């Protein structure tokens, strides 16, 4: 299996709210649940659906931004990385 990561508490709370029922993940799983979270809460822009609006949301605190594009993979990996236990 791919490497296992441990989300810090704030990220863990987000992943669980999206439906995760464990505390240890592969990066693929973290990405999956983040997508599910964004979709369920409809944080994406209705007309430009690759844009995520995350002000007034834990995701914004986690990523340190008010908006981002799902196309920004390197940035998203970095934002996730600062929310994993080293």
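The term rigid core refers to the most C-alpha atoms you can superpose between the two forms while keeping them within 1.5 Å. Residue numbers count along the first chain shown, from 1.
Trainee: Aligning on the core, I want to see which stretch wanders more in 7 other deposited structures of this protein. Is it 6 to 14 or 58 to 66 by C-alpha RMS?
Mentor: Once the cores are fitted, 58 to 66 deviates more in 7 other deposited structures of this protein.
Trainee: Name the stretch that deviates more in 7 other deposited structures of this protein: 26 to 34, or 42 to 50? Use RMS CA distance to the shown form, core superposed.
Mentor: Result of the core-fitted comparison in 7 other deposited structures of this protein: 42 to 50 deviates more.
Trainee: Test of understanding: from the entry's C-alpha B-factors, which stretch has the higher mean, 32 to 40 or 45 to 53?
Mentor: The entry gives the higher C-alpha B-factor average to 45 to 53.
Trainee: Mean C-alpha B-factor higher for 76 to 84, or for 2 to 10?
Mentor: So the stretch with the higher mean C-alpha B-factor is 2 to 10.
Trainee: With respect to C-alpha B-factor, does residue 66 fall in the lowest, middle or highest third of the chain as deposited?
Mentor: For residue 66, whose C-alpha B-factor we compare with every modelled residue in the chain, the answer is the highest third.
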